[PDB]
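Two separate entries follow, structure 1 and structure 2, each one form of the same protein chain as C-alpha cells.
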Structure 1
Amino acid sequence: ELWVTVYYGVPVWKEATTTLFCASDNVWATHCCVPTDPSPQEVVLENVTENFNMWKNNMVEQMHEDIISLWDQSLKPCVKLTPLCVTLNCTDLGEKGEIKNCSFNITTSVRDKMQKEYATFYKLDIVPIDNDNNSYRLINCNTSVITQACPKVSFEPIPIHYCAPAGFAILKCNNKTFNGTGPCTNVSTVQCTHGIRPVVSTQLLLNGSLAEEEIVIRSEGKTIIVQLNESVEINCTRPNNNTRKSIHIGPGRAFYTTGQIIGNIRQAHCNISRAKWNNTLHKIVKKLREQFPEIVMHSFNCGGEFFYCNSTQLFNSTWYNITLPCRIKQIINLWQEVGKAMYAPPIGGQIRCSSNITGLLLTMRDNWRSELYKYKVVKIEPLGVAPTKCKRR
C-alpha cells in the first residue's frame, strides 16, 4: 500500500528557451548594465550525462538578435547622410587612386544657399558614373540610407556574460575535446557564461576563448578552435596620420570626414608571424586528416575603422613576417540589411591594433557558436512526485 508524496526541491530540469540577460564588469557597457558576480559559482554534477548540440543552441540566436538590435538602436539617433548622394568631382589624392579628394555642391543648414564642400573617400566607398572618370557617387547611394555613427558612441567589444533568469540555469560541458554535439559526461551548472567578446569578423576569429588542450575541429572542418598555444598575434595598422574635418549638412547634423593627411600616404596592413602560422596550419592539417569583395577578405573593426585584409598568403599551401595588404572602408552594410548602411566616420591620427587569433572558419552566427558551443539553458522543475509508505493524517 503506497501513497503519493509531493517533494519540493527535486534536482531535475528540462530543456527550455528563455530570454537571457547580460552582465559585464560604449554600447555594450550601457546595454549590459547589470554587474557580474565577483566570484562566480559553479557546481559540478557527478554521474550526469547531458546531450548538447552547438548548432541548435538558442543562446547563439539570442546573442545574434541582441547584437542586431543594439546596433540598430545605437545608430538610430544619429545623422542620416541623405544630403549627400550628389555627383562628386573626385581627384586622386595619392597605391595611387585608393584615396580620393572629392568636391560637391551640398545644401547647408540654410535652404537658400548651396556650398561647395570637400571630403576624403576611399576607392571602395565610391562608384564611378558617366564617361568623365572623375564623376562618382557613394557605393550604396541609390539603394540604401547611409547613417553616420555618432562619434561619441563606441562599439568596442568587451567581455559579455550571459546570465539566465532566476529559476533557470546554464549547463556547461567540461569535456576539453568535446566536438559540439552529443552526450557530455562532465557537466557543471553555472548561472552566467564566461566573458564572451562580441567580435565581428568574416574569416579569422579574433580574441575570445581558447581550447584547453588541443585544436578542436567542429562541423555538421568548419569551425576550428586553436589549442593553448595561441595562434598568431596579428598586428594591424593604418599608418596614415589623419586630421579630422567636420562640415554641417543640416541644422544640428555634422558630417565628419578627413580634411588632410600629414606625411605620406601608406597602405594599411596586418603582420602575421610566418613560423607561428606555419605551425598552426600544420597542426590544423594534422587534425583535419583524422576525418578528411566583402566575402573573400578578412573583415574586422580595428580602432573604429573597418579593415578588409587580403587573406591569400595564409591559405595558399598544399599539405601531405607575413604582411597582408588591407583596405579601409567607411560605408558598410555590417549585417547585410536591405536599405540600410553605416558611414563609420574616420578617426584621426594613426591606428594600431594587436589581436589574438583564436579560431578559423573554413568551408554571422558561426562567429559566436565557437564560444557558446559548451552551454545550454535549462528550466528547473523542483516539484516531483513519488510513492512512499507515509500517509497524511
Structure 2
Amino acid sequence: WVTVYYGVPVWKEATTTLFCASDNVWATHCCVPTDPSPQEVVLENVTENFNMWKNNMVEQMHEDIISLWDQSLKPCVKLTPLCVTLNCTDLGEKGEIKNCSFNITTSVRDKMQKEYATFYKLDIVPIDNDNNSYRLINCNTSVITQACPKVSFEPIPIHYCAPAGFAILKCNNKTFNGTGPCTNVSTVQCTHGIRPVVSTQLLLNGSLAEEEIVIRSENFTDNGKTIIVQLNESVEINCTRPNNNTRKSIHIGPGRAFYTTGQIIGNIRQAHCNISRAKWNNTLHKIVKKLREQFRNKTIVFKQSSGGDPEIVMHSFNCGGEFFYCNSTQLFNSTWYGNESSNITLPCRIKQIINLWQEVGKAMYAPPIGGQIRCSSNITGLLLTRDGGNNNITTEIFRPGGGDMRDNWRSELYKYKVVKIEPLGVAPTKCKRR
C-alpha cells in the first residue's frame, strides 16, 4: 500500500568533514593512500545545480590549510630574542640586502654574544634617524616563529575524499561557468589532484581548461566580485634567485638555532623572473576575446593594481622555500580593442618574515636556503578585479588580484559538490502487508 525502499539512489546537498588522500606536511597530513582508477560513475540522465561560490569544500580546504600551517609552525624556534636593535650596513640593489649586527644572549644563559645576520630590506624597519639602527618589521607587535628547516611546505597533489554515506558529484561539462545546472555529471569518491599553491595574482600549477579559456564570476556586472580566468594552455614562468648563498646558524637557546645567510659568494643580483613574451601576448589576446563576451563593445584595458603593500600589489609566491614578490606591471599594462590579430623579465624582491594568513600577533620567518634557487611553474589562470565606479565610457579597466585565498581554490573545486545519500524512499505500491 505504502512500500519502503532502502538503498534508493537519491541525495541532498549537505556539508560534512572531508578527509584527505595523497599517494612533508601534506604527505603527513593527507596520509590516506589514494585509490587508483576511481570508479567515476557516470549519471546518464541527471541535472545537478552547482554554485562554486557557496561551496563549503573551499571553506574546509582553507581551514585545513591554515590549521596545518599553524600546527607545523608550533614545534619550531621562536625568534623573540632577536627583537633587539640591529646595527645594519649595506651589501653590494644598493641596499636591498643588509648585514646587521646585534648583541644576543646565546644558548648558555650567561654570555652576551655579538652576532651578524643578513636581512632583506622588506623585513627591516628603521628605529633611529642615523640610517644604521633598525628593528625587525613587526617583532614588537607579533611573535615571529622560524619555520623548521626539516619541514617542507612544497605543494603536492592532494585529493579531498568524502566519508561513508556521502559522495562527491563532479560536473564534466568542459565549459561550465561554475554555477547553475550541469547536465553531464558523474559521481566520485575523491576529487582530482589539487596542489595547494599559495599566490596572490596568478594561479600556478593548476588545471587547464579542456577546450577554451573560461572566465567565471559570481556576478560579472558586480565590480566587487573576483573574476577567475582559467586558461586552456599554460604559460611558463621561470623564477630564480641567482645569489649563491652560504648559510650559517646562530644559536639562541638550548637547541634553538636561528638560520641566516652567512655570506654571499660572487655578486649580488636581482631575483628576476622570466615569462615568454609571445605566449603572454597570445594569452592576453585570447583572454580579451573571451572577456569581451561579458563586456560587449568595450575596450579591455589591463593596469597594475592600486598601490599598497607587496602582499597586495605584487605577485607573491613560494619558490623553492623562498617567498618572492614580483612586479607584474609588465604583464598588466596594455590596451586591447578587439580588432588585433596574431622575454618579459619581472623584478622581484625576497621577504623572509611572512604572515600568509593575516593573523594578528603572529608571523613566520622563512630561513634562507643556500646556493641558488630556480623554479619553473605553469601559469594556469588569473585573478582579475574590475575597477569600480567605471561607467558611462567605452572602456573597461581590469587589474590583477582577487579577494582572499579562497579564490585560489575555487578555481579547482568549482566542479565539485558534496552530497549526503538518503537511501530511504517511499512509493505508493498496492501490495498488502500480509
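C-alpha atoms forming the largest set that superposes within 1.5 Å between two forms make up the rigid core. Please note that residue numbering is based on structure 1, beginning with 1 at the start of its sequence.
Visitor: Overlay on the rigid core first, then point out the one of 147, 240, 257, 227 whose CA is displaced 2 Å or more between structures 1 and 2.
Guide: The one that shifts is 227.
Visitor: To one decimal place, what C-alpha displacement in Å is found for residue 112 between structures 1 and 2 with the rigid core superposed?
Guide: Displacement of the alpha carbon, after core fit: 2.2 Å.
Visitor: Rigid core superposed: how many angstrom does the CA of residue 129 shift between structures 1 and 2?
Guide: C-alpha displacement of residue 129 between structures 1 and 2: 1.6 Å.
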